[PDB]
Structures are given as C-alpha cells and as structure tokens.
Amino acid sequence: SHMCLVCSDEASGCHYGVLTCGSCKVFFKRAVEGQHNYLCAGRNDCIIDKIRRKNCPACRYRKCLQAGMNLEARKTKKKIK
C-alpha cells in the first residue's frame, strides 16, 4: 500500500512496525518517549485524517497503538528471525 495507517496521508515508509507518514512517525516517537496524558474532547473516536490529525492527540495516539506501532519494532523483528 502507500497510505499511512494512522492518518491516511501518504506513507513515507514503514516506521515502528507500521506503514505511516513522517508526521505520524515523529508523533508516535514523542508520545511514547514522553507523557501522553492527552484528553479527548469528543468520545474517544475522533476521525484522524490529514487535516484533522492535529485535532486530537489522544485519539491519534490510540490509532498509532491500534495500528500496531511499537518503538522496538526493528529489534523485535530481528529476534523473531
């Protein structure tokens, strides 16, 4: 494919285990390494697309996790082999 699985923007490649765009890559990195005590202003199912992905970091981060992103994807796939 070539859609980011988090926001549907065009994927820049496979990051942290999942096809994503560059903005979602660095978003997940920052969320995972820091705090991500984010608060949804809707019902925890906000739509995350190219334009709206800035709206709700709580839902964007939930979508990163649901897509399967994980910081150790590279080293984990090396073990699996």
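Between two forms, the rigid core is defined as the largest C-alpha subset superposing within 1.5 Å. Numbering starts at 1 and runs along the sequence shown.
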Problem - Larger mean CA deviation from the shown form in 6 other deposited structures of this protein [core fit; 47-55 vs 32-40] - result: 32-40
Exercise for the section: State which stretch is farther from the displayed form on average in 6 other deposited structures of this protein, 65-73 or 7-15, counting RMS CA distance after fitting on the rigid core. Expected result: 65-73
Completion exercise
Taking the deposited Cα B-factors and averaging over 53-61 and over 66-74, the higher mean is found in 66-74
Problem - Entry-reported Cα temperature factor of residue 24, expressed as the chain third it lands in - result: lowest
